[PDB]
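Labels below follow one simple rule: chain letters A, B, ... track the order of the sequence lines, proteins then strands, and each chain is numbered from 1.
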Amino acid sequence: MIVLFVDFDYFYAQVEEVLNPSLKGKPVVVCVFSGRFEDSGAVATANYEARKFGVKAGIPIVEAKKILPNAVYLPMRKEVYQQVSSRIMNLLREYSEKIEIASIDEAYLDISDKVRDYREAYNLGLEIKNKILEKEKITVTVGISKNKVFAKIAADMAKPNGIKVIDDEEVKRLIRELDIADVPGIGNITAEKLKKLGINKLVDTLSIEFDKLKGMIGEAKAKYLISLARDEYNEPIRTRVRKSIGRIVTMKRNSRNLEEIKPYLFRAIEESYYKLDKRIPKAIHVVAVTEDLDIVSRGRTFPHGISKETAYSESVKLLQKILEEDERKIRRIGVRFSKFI
DNA sequence: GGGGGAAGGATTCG
DNA sequence: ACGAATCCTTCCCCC
């Protein structure tokens, strides 16, 4: 089987560059301004010109400006990025029926029934890159390997504007020398748990007792790592369907006053409904991020679809249940809809 | 003991 | 180190 992974480099910032090409070569920083005070918020994405100096996703905007005071800071325009992304995904469908749209800037293509050997794959890759650069002016990195995981790892190693193949031989080596923390799907939390279990490389997962490994990171993640270690991971490329939709908004000031929170809650509901479009949810959850950044949620599932009027009234009951089951002030408030009919 | 689901905290990622 | 969506464990009903 042969998988080709496509990752759009520093996507949000690149799109801003395509929409205002005079930004090329300058440090571009796309941010989420939370509006709690001047420059409150964080960097969502930055191009290479800014990343090389340490300005990257997650760094507070204020901190970023101390490092690059003259870089260009832009607000996130998510809908534009999504429309651009969709056009690019369509260009990719021309290369394979079985395509998995992993995120706004990632997609996997199963080009087995389309190419033989890793020479034709590399060529199909260049073909895809040039195509995208031509039609949308966007640069992408391509990763090629036997499964989705190593296809992703190859791209991570070739970014930006790169292409890389990880053959069956490099795979076996990586299973020995790659930091377990560099394996997709393994975040910060899991990484630390594995180390304390004595696992720093994939190969090490085979030296531990499965019911011990499973006890720490869970059955699903355990089998995931074991499969990868034995060079047996072969999940099929298939695009999943959105299981839920929601919106969470940061309030100007923290508080626990119902009448002060409702406006934000309603704003979030209105936006979530617009996004739902023609989907009718049967489940609603209200989510509150407290002052100490801890998240509390309460939801309800109905035997039928939820109208917007039902959403408004139900969301207040859930928020009240939340304010009741926790004395902490709230900082962000929002909702999520799911179980679409 | 275990199947069918609802519920909410846990975890991943930009 | 400051938004979105799914994952994972627990609990409840009931055969």
(message) By the 4.0 Å heavy-atom rule, please label A/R247 as base, sugar-phosphate, or nothing.
(response) sugar-phosphate
(request) Give one of base, sugar-phosphate or nothing for A/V296, where a contact means two heavy atoms less than 4.0 Å apart. (result) sugar-phosphate
(request) List in chain and number order the residues that pass ring-ring contact (aromatic ring centres under 6.0 Å, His included) with A/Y12, two or more places apart in sequence or in another chain; answer none if no residue qualifies. (result) A/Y81
(message) Under 4.0 Å, heavy atom to any atom of DNA chain B: which of residues 181-195 of chain A qualify?
(response) A/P184, A/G185, A/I186, A/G187, A/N188, A/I189, A/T190, A/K193
(request) Look at all strands and tell whether A/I61 reaches a base, only sugar-phosphate, or nothing, counting heavy atoms closer than 4.0 Å. (result) nothing
(message) How many whole angstroms separate atom CG of A/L318 from atom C1' of B/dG8?
(response) 12 Å
(request) Name all residues meeting the side chain to side chain contact (heavy atoms under 4.5 Å, CB included) criterion together with A/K66; count only those two or more places apart in sequence or in a different chain, and write none if there are none. (result) A/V62, A/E63
(request) Could you identify which residues of residues 256-293 of chain A place a heavy atom less than 4.0 Å from some atom of DNA chain B, listed by residue number, or say none? (result) none
(message) Quick check for you: among B/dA6, B/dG9, C/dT6, whose closest atom lies nearest to any side-chain atom of A/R298?
(response) B/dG9
(request) Report which part of the nucleic acid A/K221 touches: base, sugar-phosphate, or nothing (heavy-atom distance under 4.0 Å, all strands). (result) sugar-phosphate
(message) Between A/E177 and A/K201, does any NZ, NE, NH1 or NH2 come within less than 4.0 Å of an OD or OE carboxylate oxygen?
(response) no
(request) Is it possible for you to check whether A/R93 lies under 6.0 Å from the centre of the six-membered ring of A/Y95, through NZ or CZ, and within 45° of that ring's axis? (result) no
(request) Report which part of the nucleic acid A/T250 touches: base, sugar-phosphate, or nothing (heavy-atom distance under 4.0 Å, all strands). (result) sugar-phosphate
Using a cutoff of under 3.5 Å, can you pull out all pairs of nitrogen or oxygen atoms linking the protein to nucleotides 1-4 of chain B, with atom names and distances?
none

(message) A/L91: which residues meet the side chain to side chain contact (heavy atoms under 4.5 Å, CB included) condition with it, sequence neighbours left out?
(response) A/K131, A/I132, A/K135, A/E136
(message) From C-beta outward on A/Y12, which listed nucleotide comes closest to its side chain: B/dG14, C/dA1, C/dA5?
(response) B/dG14
(message) Listing request: all ring pair (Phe, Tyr, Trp, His ring centres under 6.0 Å) pairs with a residue in residues 187-225 of chain A, at least two apart in sequence or in separate chains.
(response) A/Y224-A/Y233
(request) Would you please name every residue forming a side-chain hydrogen bond (donor to acceptor under 3.5 Å, both in side chains) with A/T290, sequence neighbours left out? (result) A/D292
(message) Salt bridge check, A/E270 against A/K308: does any charged N sit closer than 4.0 Å to a carboxylate O?
(response) yes
(message) Taking the basic N atoms (NZ, or NE/NH1/NH2) and the acidic carboxylate oxygens, is any pair closer than 4.0 Å for A/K321 and A/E324?
(response) no
(message) Taking A/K275 first and then A/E271, would you say they form a salt bridge - that is, a charged N and a carboxylate O separated by under 4.0 Å?
(response) no
So which protein nitrogen or oxygen atoms get under 3.5 Å of nucleotides 9-12 of chain C's nitrogens or oxygens?
none

(request) Kindly confirm or rule out a cation-pi arrangement of A/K148 over A/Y108, judged by NZ or CZ under 6.0 Å from the six-membered ring centre and within 45° of its axis? (result) yes
(request) Scan residues 39-52 of chain A against DNA chain B and write down, sorted by residue number, each residue with any heavy atom closer than 4.0 Å; if none is found, say none. (result) A/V43, A/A44, A/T45
(request) Identify, with sequence neighbours excluded, every residue that meets ring-ring contact (aromatic ring centres under 6.0 Å, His included) alongside A/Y48. (result) none
(message) Looking only at the side chain of A/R332 (C-beta and beyond, no hydrogens), which of the listed nucleotides B/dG9, C/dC2, C/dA5 gets closest?
(response) C/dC2
(message) Expected output is a numbered-order residue list: members of residues 299-315 of chain A with a heavy atom under 4.0 Å from any atom of DNA chain B. What is it?
(response) A/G299, A/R300, A/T301
(request) Look at the side chain of A/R331 and decide which nucleotide, out of C/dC2, B/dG9, C/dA4, has an atom nearest to it. (result) C/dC2
(message) With a 4.0 Å cutoff (strictly under), does any side-chain N or O of A/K78 reach OP1 or OP2 of C/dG3?
(response) no
